[PDB]
**Q** 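There's a structure below that I have some questions on.
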Amino acid sequence: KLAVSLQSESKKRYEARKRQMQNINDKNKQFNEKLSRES
RNA sequence: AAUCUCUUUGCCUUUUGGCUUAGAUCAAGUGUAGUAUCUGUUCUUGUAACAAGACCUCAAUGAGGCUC
């Protein structure tokens, strides 16, 4: 149950971060978003 | 196999990896210095008589059969 809990929580964290990711180039827009966070 | 999803924060989670004469130039009837080879013609009599792969045994498989 400990192993299953770690696996399932890892899956949940991983998929939540994927859903956040899904909302000129990928790196260039990530840099522009970082600059918008900076301001 | 026991919950799942959205917003707002926190984390940045594929989130700019040196230097110098901003390295230099927006460009030249080029000059200069090396390393090679050539290119091309062109090719080597007739007629008659007479004569003639299968199977078996031993065994690294070849020798023998008035054999076919």
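Every chain is numbered from 1, with letters handed out A, B, ... down the list of sequences.
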**Q** Tell me whether the side-chain N/O atoms of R19(A) come closer than 4.0 Å to OP1 or OP2 in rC6(B).
**A** yes
**Q** For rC26(B) and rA22(B), measure between their P atoms and round to the nearest Å.
**A**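 Here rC26(B) and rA22(B) have their P atoms 16 Å from each other.
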**Q** What's the separation between atom CE in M21(A) and atom CD in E15(A), rounded to the nearest 0.5 Å?
**A** 11.0 Å
**Q** Positive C1'-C2'-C3'-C4' counts as north, negative as south. Which one applies to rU45(B)?
**A** north
**Q** To the nearest Å, how far apart are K11(A) NZ and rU5(B) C1'?
**A** 19 Å
**Q** The sugar of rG29(B): north or south, by the sign of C1'-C2'-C3'-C4'?
**A**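 Here the sugar adopts a south pucker, which is what a negative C1'-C2'-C3'-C4' value indicates.
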**Q** Given the P atoms of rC58(B) and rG53(B), what is the spacing between them in whole Å?
**A**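 24 Å, rounded to whole Å.
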**Q** Nearest-nucleotide wise, let me know which of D26(A) and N23(A) is further upstream toward the 5' end of RNA chain B.
**A** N23(A)
**Q** Among residues 30-39 of chain A, which ones have heavy-atom contacts with RNA chain B below 4.0 Å?
**A**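 Here the set is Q30(A), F31(A), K34(A), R37(A).
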**Q** For nucleotides 2-4 of chain B, which of its nitrogen or oxygen atoms have a protein nitrogen or oxygen under 3.5 Å away, and what is each distance?
**A**
residue	atom	partner	partner atom	Å
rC4(B)	OP2	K12(A)	NZ	2.8

**Q** For the pair made of OH in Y14(A) and P in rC11(B), what is the distance, rounded to whole Å?
**A** 24 Å
**Q** Categorise the sugar of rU41(B) by the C1'-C2'-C3'-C4' dihedral sign as either north or south.
**A**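 North is the answer for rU41(B), its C1'-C2'-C3'-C4' torsion being positive.
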**Q** I want to know if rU30(B) and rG31(B) are stacked - that is, whether their six-membered base rings have centres under 5.5 Å apart and planes under 30 degrees.
**A**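 Both cut-offs are satisfied, so the bases of these neighbours are stacked.
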**Q** Report the distance from atom NZ of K11(A) to atom NZ of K18(A), rounding to the nearest 0.5 Å.
**A** 12.0 Å
**Q** Heavy atoms, side chains only, cut-off 4.5 Å: are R19(A) and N23(A) in contact?
**A** no
**Q** Using the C1'-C2'-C3'-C4' dihedral sign as the criterion, classify the sugar of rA63(B) as north or south.
**A**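 Positive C1'-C2'-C3'-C4' torsion, north pucker.
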**Q** Both distances under 3.5 Å, Watson-Crick or G-U wobble: on that basis, could you give the dot-bracket string for RNA chain B, with [ ] for crossing pairs and | for other-strand partners?
**A** ....................................................((((((...)))).))
**Q** Between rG65(B) and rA54(B), how many Å separate the two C1' atoms, rounded to a whole number?
**A** 13 Å
**Q** Write down the distance between CD (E15(A)) and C1' (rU5(B)), rounded to a whole number of angstrom.
**A** 13 Å
**Q** When the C1' atoms of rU67(B) and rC55(B) are considered, how many whole Å apart are they?
**A**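 Those two atoms are separated by 9 Å.
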**Q** Checking contacts here: which listed nucleotide (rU15(B), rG10(B), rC6(B)) is nearest the side-chain heavy atoms of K27(A)?
**A**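 Among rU15(B), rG10(B), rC6(B), the one nearest the side chain of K27(A) is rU15(B).
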**Q** How long is the line joining CZ of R13(A) and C1' of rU13(B), in whole Å?
**A** 13 Å
**Q** Taking the side chain from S10(A) and the backbone from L6(A), do they hold a donor-acceptor pair closer than 3.5 Å?
**A**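 No, because the side chain of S10(A) does not come within donor-acceptor range (under 3.5 Å) of the backbone of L6(A).
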**Q** What I want to find out is whether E33(A) reaches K29(A) closely enough, with some N-O distance under 4.0 Å, to be called a salt bridge.
**A**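 Here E33(A) does not pair with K29(A) in a salt bridge, since their nearest N and O are not under 4.0 Å apart.
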**Q** Could you tell me how far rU25(B) sits from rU21(B) if I compare only their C1' atoms? Round to whole Å.
**A** 12 Å
**Q** For atom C1', what is the distance between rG23(B) and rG18(B), given to the nearest Å?
**A** 14 Å
**Q** For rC56(B) and its strand neighbour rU57(B), are the base ring centres under 5.5 angstrom apart and the ring planes under 30 degrees apart?
**A**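 Per the 5.5 Å and 30° rule, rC56(B) stacks on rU57(B).
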**Q** Taking a positive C1'-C2'-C3'-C4' angle as north and a negative one as south, how is the sugar of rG23(B) classified?
**A** north
**Q** In whole angstrom, what separates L6(A)'s CG from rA1(B)'s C1'?
**A** 16 Å
**Q** What about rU32(B) and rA33(B), stacked or not, using centres under 5.5 Å and planes under 30°?
**A** yes
**Q** How many angstroms lie between atom CD of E38(A) and atom CG of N32(A), to the nearest 0.5 angstrom?
**A**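 Answer rounded to 0.5 Å: 11.5 Å.
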